[PDB]
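See structure below.
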Amino acid sequence: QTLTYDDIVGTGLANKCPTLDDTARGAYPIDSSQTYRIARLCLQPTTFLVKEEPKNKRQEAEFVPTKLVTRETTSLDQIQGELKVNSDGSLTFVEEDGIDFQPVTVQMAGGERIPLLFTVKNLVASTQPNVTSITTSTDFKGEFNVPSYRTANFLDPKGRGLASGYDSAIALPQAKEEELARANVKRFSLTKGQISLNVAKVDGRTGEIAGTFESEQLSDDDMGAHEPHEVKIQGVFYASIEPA
Amino acid sequence: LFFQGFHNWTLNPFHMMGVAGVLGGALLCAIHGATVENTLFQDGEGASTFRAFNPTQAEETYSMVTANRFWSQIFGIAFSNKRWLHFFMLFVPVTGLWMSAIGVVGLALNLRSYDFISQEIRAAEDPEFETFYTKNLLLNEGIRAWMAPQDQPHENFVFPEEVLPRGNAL
Amino acid sequence: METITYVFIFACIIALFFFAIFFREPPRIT
Amino acid sequence: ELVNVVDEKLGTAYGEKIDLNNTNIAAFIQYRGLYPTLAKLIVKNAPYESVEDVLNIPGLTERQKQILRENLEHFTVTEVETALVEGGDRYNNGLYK
Amino acid sequence: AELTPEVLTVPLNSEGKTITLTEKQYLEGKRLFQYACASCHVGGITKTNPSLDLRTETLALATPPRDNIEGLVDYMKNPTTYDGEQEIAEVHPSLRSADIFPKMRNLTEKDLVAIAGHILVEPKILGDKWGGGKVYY
Amino acid sequence: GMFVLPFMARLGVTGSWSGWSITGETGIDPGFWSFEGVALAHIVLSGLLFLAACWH
Amino acid sequence: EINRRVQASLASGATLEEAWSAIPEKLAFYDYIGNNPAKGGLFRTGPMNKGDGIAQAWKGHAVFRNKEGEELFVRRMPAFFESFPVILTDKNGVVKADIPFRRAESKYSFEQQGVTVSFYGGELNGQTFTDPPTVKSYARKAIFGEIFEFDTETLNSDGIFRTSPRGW
Amino acid sequence: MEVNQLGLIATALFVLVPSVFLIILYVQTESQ
Amino acid sequence: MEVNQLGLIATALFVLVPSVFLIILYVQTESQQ
Ligand code: CLA
Ligand code: CLA
Ligand code: CLA
Ligand SMILES: CC(C)=CCC/C(C)=C/CC/C(C)=C/CC/C(C)=C/CC/C(C)=C/CC/C(C)=C/CC/C(C)=C/CC/C(C)=C/CC/C(C)=C/CC1=CC(=O)C(C)=C(C)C1=O
Ligand SMILES: CCCCCCCCCCCCCCCC(=O)OC[C@H](CO[C@@H]1O[C@H](CS(=O)(=O)O)[C@@H](O)[C@H](O)[C@H]1O)OC(=O)CCCCCCCCCCCCCCC
Ligand SMILES: CCCCCCCCCCCCCCCC(=O)OC[C@H](COP(=O)(O)OC[C@@H](O)CO)OC(=O)CCCCCCCCCCCCCCC
Ligand code: HEC
Ligand SMILES: CC1=C(/C=C/C(C)=C/C=C/C(C)=C/C=C/C=C(C)/C=C/C=C(C)/C=C/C2=C(C)CCCC2(C)C)C(C)(C)CCC1
Ligand SMILES: CC1=C(/C=C/C(C)=C/C=C/C(C)=C/C=C/C=C(C)/C=C/C=C(C)/C=C/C2=C(C)CCCC2(C)C)C(C)(C)CCC1
Ligand SMILES: CC1=C(/C=C/C(C)=C/C=C/C(C)=C/C=C/C=C(C)/C=C/C=C(C)/C=C/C2=C(C)CCCC2(C)C)C(C)(C)CCC1
Ligand SMILES: [Fe+2]
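Residue numbers (the deposited numbering), protein chains in the order written: chain o, 3 to 246; chain d, 183 to 352; chain t, 1 to 30; chain u, 8 to 104; chain v, 1 to 137; chain B, 59 to 114; chain b, 283 to 450; chain m, 1 to 32; chain M, 1 to 33.
Printed below as a string of structure tokens:
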């Protein structure tokens, strides 16, 4: 049913992607001589996993579960991009725009907070070749960019930053600057993520699809001050396809 | 405001003792007046109770006994000695202004309580460590740079826009 | 050690409150 | 090994001229005729290799290509600096008055 | 210092023709600026778009130019973007848009020139403070 | 140099409200009888004992 | 007095390096804010050496020049200020170089203005540094006056000014 | 936190010495 | 010498606590007679 803002406000539903009936297991045919687009792509994380640092001896670090602390603020939505038809028949989504990032903080056992920029900025995701229809076995795999969690204007608690701020530890006027360089000097990281999108529900009629996703990306490094963590995000997604 | 931004005076225990003695003086002022006025004996017959007092009377115009019970039961402890009570009223604010004075003698020499070193050593090494202490120094730095050129004109401070500390947008 | 020290002084004061209230010199009328 | 990328940029042509790949859109106010219409097209089409690729922007008018010619002496290109162009900082870099 | 007619002499047009204002006119143009404009342009800034101020150097590099009275009167009649390419009376008060910007409904052509003279005189008096913003307060 | 920890562990207290446990597994909920809950219990106990002593 | 002795030396024909090389370290050391008694703190305890460290040697007089070869002068820290920006002016006190806070609209950065530091006397006599990060740090010490080498290890100094027995 | 470890003995004696003084005077009062 | 920092507070207290105890009992003894 068509709902209204006043119906949803304050319920937590605004952070939920749309879903599809259990009976939508059809297929959307792809007219290769036709141009396509994603009118809306919605991703809604349900679990955040973080690689524990395997100590010196190591053996094999696992992805440990984490607790979300930043509330129903995590979903990507209103994401659009054209769905190209490749010559080998594959499909390729190229994000143009959308609400395609959410800062998220989860907490590890012991109480370590891991901030991360959950994102699919600049996502390019492709199908296996020769796809004449999207179905409930269609996968896309993609990569995206993960910009630094804070951007250049961000000032740390002593006033230091990249595009602004002090350039030294002004509180320690005659300290040896050499041991403080990594915190004094702000660095802006840009790294790459990977995402699988596994279609599991299709409404061939309306061109809506839904499924699960998993992605892998780095957490915040606090502009070079510390090493990031590997993060694995799992969740669900919804997308509507229109002819372009 | 000069004293906040150059001396960090709010952080100085001598001022904090002074604050306590002035705000505690005002507390003693109000609570003692209110207690006397609300433990008066009925010594006249009108509703204006100010006329039931003759400065030559022998008698206490209010009840120390009922005042004491009230405050022992409301607050746990009470004055019982009228002399100690009015001596304590002298002591508290007089002692606080004296403490504040000592702190300013300190500041005559820029001998300030400006920093907590342990905070600054952490802050400088850990860009995620933030406290109300570091946030206030950032304010202090704003005051100094924004106010000094005009406040100390004899110095001919010239601060191009670009050196003026500022947060985002503002 | 600094945390422990602040908490210890604070705890002593709360104990002082207790004795100051319940084991005061009782005021009497002489 | 560790350097502020933005300070290093001030040592380049970015520090003297309007870097078509990097500078915030408000700098195009500096010269007549550029703001906001052309500034927006330059930015939207930004990543250039040579300043003169800017005359090839699809759809210029003949007046617009002229204005651009008078102001090429004011333009530079340097490599795109991620810290300057992320966050939409080319459109709003948190500086007002 | 005092408000002399040389202070009160501003470019009438881009032909270099000037005109000389009175104290009475300058002060009228302050009152009128305060009534119809300072809400957004207090001290020569523009709150709703700080990138554009009312400094004479800025007004000069506007298309058409506006470091003169006729250019400013015309802008108050029929305003344009800074490059002159779009009209903006839909969102900028103007005689053309007196229906949606009621404060302009009762402005005479002499009320406009006064505001223009004020705008053009103020930075000769205040210098950098005008259009400079809070750095110079 | 842990001295009381192991006596808590010996009798079945093994996890922290912080999500860790001494056997190394992560993401547990030990319920109230965490290390912290046990330390809290004994402190609340100490306080109730103190009042009893005054009364007696 | 330092400047006087120097201007004299350049009258007897001695070179920059020679006139500055003739300043006694002891006089240089006096022209240093770290020995100003009004630079300390009430609970910054102990010897001055626990702050800026144990002075080991004069580094030499630091001379700053912009890209045009004009000599620039670091504006010195006044005693009131726990911290102070780095502004350089020409002989007439026109601002010519600084370390900006906001970089976006900076026009006097060391990188833009091509400022270098050359040293005359003490330890770096004859050396010139051109890379901006290095010039910037010597610029930051120049606000304190003459620049010295310090042993901060021995007393595990924290880098924060203390006051002198005259202050206490 | 890199605190001054002389602060602990300083705090401790700051409390103990004057407090001891008061306690000594009070007990010897209660016994006469 | 690289000596245990807590030795100082430990010696101080080891000394002060039992001594103060003794003094307390002595002075209040004298105030009886
Ligand atoms: C809830 C309100 C509240 C409370 C509890 C306090 C309490 C305190 N303030 Mg704050 N103050 C307040 C509001 C309050 N203030 C407001 C609104 C402002 C303006 C924004 C200030 C401005 C201010 C300054 C400028 C300074 C203080 C200072 C102080 C301390 C001494 C106060 C004093 O002697 O007052 C007179 C009252 C009495 C003598 C009666 C006794 C009150 C006791 C000491 C309060 C203790 C409360 C404390 C948290 C313990 C609770 C323990 C309990 C939970 C078991 C004290 C810790 C001083 C300071 O920071 O010293 C460290 C100081 O320098 N205050
Ligand atoms: C909770 C808020 C609070 C409170 C209660 C206080 C309380 C105090 N402050 Mg602090 N202050 C605060 C917040 C606060 N402060 C903050 C946030 C800051 C920013 C850092 C400051 C900054 C500050 C400064 C800069 C100073 C103080 C001082 C003082 C003390 C003033 C003593 C006094 O009466 O001077 C009033 C003056 C006198 C009592 C002396 C002379 C009085 C004679 C008798 C006057 C006679 C008048 C005569 C009849 C002529 C009449 C003429 C009439 C027409 C005018 C007192 C301890 C002062 C201090 O510590 O002094 C040592 C001081 O210099 N404070
Ligand atoms: C006139 C007195 C005087 C002066 C000026 C000095 C000065 C100096 N001494 Mg010396 N010293 C003195 C007396 C003095 N000393 C005495 C009496 C002793 C024996 C205890 C020492 C033992 C001593 C040692 C062992 C050392 C010094 C050192 C030093 C230097 C560092 C001092 C420092 O960091 O201060 C720190 C000062 C403070 C943190 C100020 C304390 C003030 C607090 C707040 C107490 C007052 C609060 C009070 C309780 C408020 C109550 C209010 C109430 C009325 C309501 C400095 C040159 C040091 C040095 O470098 O030696 C090589 C050093 O290691 N001194
Ligand atoms: C867990 C953690 C660690 C805790 C939280 C930490 C927390 C923030 C605590 C830290 C607080 C801390 C640092 C405290 C700072 C306090 C500080 C600045 C101290 C100042 C010290 C000092 C020596 C200053 C000198 C000035 C000084 C002497 C001030 C004294 C002020 C003072 C005590 C005034 C009295 C206040 C007061 C409540 C009086 C009650 C009086 C009362 C019972 C009246 C009733 C009464 C009235 C009548 O009229 C009559 C007739 C009768 C009969 C009667 O009864
Ligand atoms: C390491 C922990 C350190 C924390 C403790 C910090 C101490 C804070 C200050 C307390 C100072 C005590 C004031 C003494 C005045 C008074 O009490 O008079 C004597 C009191 C008052 O009652 C009296 O009783 C008396 C008669 S009789 O002997 O009881 O029969 C009679 O004399 C009198 O009229 C009547 O009032 O009666 C008693 O006999 C009590 C004596 C013991 C009190 C001191 C012990 C303090 C240690 C407590 C530690 C708490 C920690 C618990 C943790 C689980
Ligand atoms: C339950 C409802 C809420 C009530 C709970 C309140 C509990 C706290 C009140 C007890 C304070 C203990 C009094 C001890 C001391 C004591 O027993 O005093 C008792 C004393 C009795 O006075 P008398 O007139 O009997 O004195 C005669 C003597 O002078 C003999 O020489 O009263 C005072 O002097 C009044 C001034 C109290 C001044 C202090 C009051 C405020 C203290 C609060 C400071 C807080 C610091 C917090 C730090 C974090
Ligand atoms: C009162 C009658 C006035 C006058 C005389 C002016 N304004 Fe505004 N102004 C506002 C905005 C958003 C702009 C920029 C529009 C754009 O270019 O996109 C302007 C611009 C001007 C100028 C041009 C200055 C220049 O450098 O070119 C001038 C001369 C001018 N205005 C005069 C915003 C507002 C307001 C907000 C609602 C209000 C009110 C006014 N202006 C009012 C006036
Ligand atoms: C052992 C140990 C330690 C230490 C400890 C400590 C040192 C302790 C202390 C302790 C203390 C120091 C405590 C005290 C306590 C107190 C008390 C116990 C309290 C009481 C109170 C009360 C009970 C109250 C009451 C009341 C009422 C009832 C009403 C109202 C009012 C009042 C509140 C008053 C450490 C950590 C090192 C380590 C480990 C081991
Ligand atoms: C030194 C030494 C020793 C000894 C030791 C000891 C003996 C210790 C002890 C200690 C102790 C013995 C401690 C304890 C502590 C305690 C505590 C800390 C408590 C607390 C409590 C509280 C806090 C409470 C509260 C309350 C109340 C009061 C009421 C109500 C309720 C409550 C709970 C809240 C030896 C020989 C070994 C040797 C070595 C050296
Ligand atoms: C069963 C159970 C359990 C156990 C429990 C227990 C162990 C308990 C304890 C408890 C107790 C341990 C209690 C106590 C209480 C006490 C009381 C209740 C007290 C009171 C007091 C009072 C009331 C007092 C009064 C007073 C004062 C305070 C002062 C002055 C005087 C007088 C005397 C008046 C558990 C947990 C395992 C869980 C499961 C079940
Ligand atoms: Fe009274």
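Note that beta-carbon positions come from the ideal geometry of N, C-alpha and C, so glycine has one too.
Let's see if you can read the secondary structure: which residues bound the beta strand (DSSP E) around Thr20 (chain v)? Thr18 to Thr20
Please determine if the segment 427-439 of chain b and the segment 285-296 of chain b are in contact, where contact requires at least 3 C-beta pairs separated by less than 8 Å. no
Quick one: grab the DSSP three-state call for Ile369 (chain b). strand
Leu16 (chain m) versus chain M: which residues are under 7 Å apart at the beta carbon? Residues of chain M passing the Cβ test: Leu16.
My understanding is that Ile36 (chain u) touches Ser51 (chain v), with C-beta atoms under 8 Å, so please give their C-beta distance in whole angstroms. The C-beta distance from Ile36 (chain u) to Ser51 (chain v) rounds to 6 Å, short enough to meet the 8 Å contact threshold.
One or two residues paired with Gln82 (chain o) in a DSSP bridge: o:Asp99
I want to see whether chain b comes within less than 8 Å of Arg348 (chain d), judged by CB atoms only; does it? yes
Any C-beta of chain t under 8 Å from that of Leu6 (chain m): By this cut-off, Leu6 (chain m) is not an interface position.
For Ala165 (chain o), count neighbouring C-beta atoms within 10 Å of its own C-beta (all shown protein chains included) and say buried if the count is 16 or more, exposed if not. buried
Using C-beta distances below 8 Å, list every residue in its chain close to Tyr35 (chain v), excluding the 5 sequence neighbours before and after it, in chain order. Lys103
Pick from b:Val397, b:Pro367, b:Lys418 and b:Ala310: whose alpha carbon is nearest that of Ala337 (chain b)? Of all alpha-carbon atoms in b:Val397, b:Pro367, b:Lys418 and b:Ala310, the one lying nearest the alpha-carbon of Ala337 (chain b) is that of b:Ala310.
For a test of the three-state rule: what should DSSP assign to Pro26 (chain t), helix, strand or coil? coil
In terms of alpha-carbon separation, which member of b:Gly322, b:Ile425, b:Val376 and b:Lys308 lies closest to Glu283 (chain b)? b:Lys308
Would DSSP call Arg27 (chain o) helix, strand or coil? strand
Just the residues with CB closer than 7 Å to a heavy atom of ligand 9, in chain order, which are they? t:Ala11, B:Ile101, B:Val102, B:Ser104, B:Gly105, B:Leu106, B:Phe108 and B:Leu109
Taking C-alpha atoms, which residue in o:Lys234, o:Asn124 and o:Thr76 lies nearest to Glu218 (chain o)? Comparing Cα-Cα distances from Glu218 (chain o) to each of o:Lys234, o:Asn124 and o:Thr76, the minimum goes to o:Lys234.
Using a Cβ-Cβ cutoff of 9 Å, what residues of the segment 352-366 of chain b are near chain d? List them in chain order. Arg357, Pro360, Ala361, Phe362, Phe363, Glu364, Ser365 and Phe366
Using Cβ-Cβ distances below 9 Å, what residues of the segment 164-185 of chain o are close to chain u? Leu164, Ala165, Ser166, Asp169, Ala183 and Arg184
Given that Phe443 (chain b) touches chain o, what residues does it touch there, using C-beta distances under 9 Å? In chain order: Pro175 and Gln176.
Under the three-state reduction of DSSP, which class applies to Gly213 (chain o): helix, strand or coil? strand
Quick one: residues with CB closer than 5 Å to any heavy atom of ligand 6, in chain order, please. d:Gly258, d:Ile259, d:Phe261, d:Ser262, d:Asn263, d:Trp266, t:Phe17 and t:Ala20
Mind checking whether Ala154 (chain o) and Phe190 (chain o) have CB atoms under 8 Å apart? Less than 8 Å separates the beta-carbon of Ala154 (chain o) from that of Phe190 (chain o).
Using the Cα positions of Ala327 (chain d) and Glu364 (chain b), report the straight-line distance between them to the nearest angstrom. 11 Å
Who are the neighbours of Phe392 (chain b) on chain o, taking C-beta pairs under 8 Å? Those within 8 Å of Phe392 (chain b) in chain o number zero; the least Cβ separation is about 11 Å.
Thinking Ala114 (chain v) and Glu28 (chain v) are a contact (beta carbons under 8 Å), I'd like their distance in whole angstroms, please. 4 Å
Can you list every residue whose CB sits closer than 7 Å to some heavy atom of ligand 2, going in chain order? A residue is listed when its beta-carbon falls short of 7 Å from at least one non-hydrogen atom of ligand 2; in chain order these are d:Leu183, d:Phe185, d:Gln186, d:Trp191, d:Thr192, d:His197, d:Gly200, d:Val201, d:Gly203, d:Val204, d:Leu205, d:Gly278, d:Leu279, d:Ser282, d:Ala283, d:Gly285 and d:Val286.
Would you say the beta carbon of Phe23 (chain t) is closer than 7 Å to some non-hydrogen atom of ligand 5? yes
What does the alpha-carbon distance come out to for the pair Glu300 (chain b) and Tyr402 (chain b)? 8 Å
When you compare each of u:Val13, u:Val10, u:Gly94 and u:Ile32 to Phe82 (chain u) by their alpha carbons, which one comes out closest? u:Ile32
Kindly list the residues whose CB is nearer than 8 Å to the CB of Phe188 (chain d), restricted to its own chain and excluding five residues on each side of it in sequence; keep chain order. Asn322, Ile325 and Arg326
For the 8 Å Cβ check, are there 3 or more pairs between the segment 435-450 of chain b and the segment 166-177 of chain o? yes
Could you give the residue range of the alpha helix (DSSP H) that holds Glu241 (chain d)? Counting along the chain, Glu241 (chain d) falls outside any alpha helix (DSSP H), and DSSP gives it neither H nor E.
Does the segment 197-213 of chain o come within contact of the segment 129-144 of chain o, defined as at least 3 CB pairs closer than 8 Å? Verdict: yes, contact present.
Which residue from v:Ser94, v:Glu87, v:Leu3 and v:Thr48 puts its Cα closest to that of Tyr103 (chain u)? v:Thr48
Got a sec: is the Cβ-Cβ distance from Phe339 (chain d) to anything in chain o below 8 Å? no
Rounded separation between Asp79 (chain o) and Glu97 (chain o) - CA only: 12 Å
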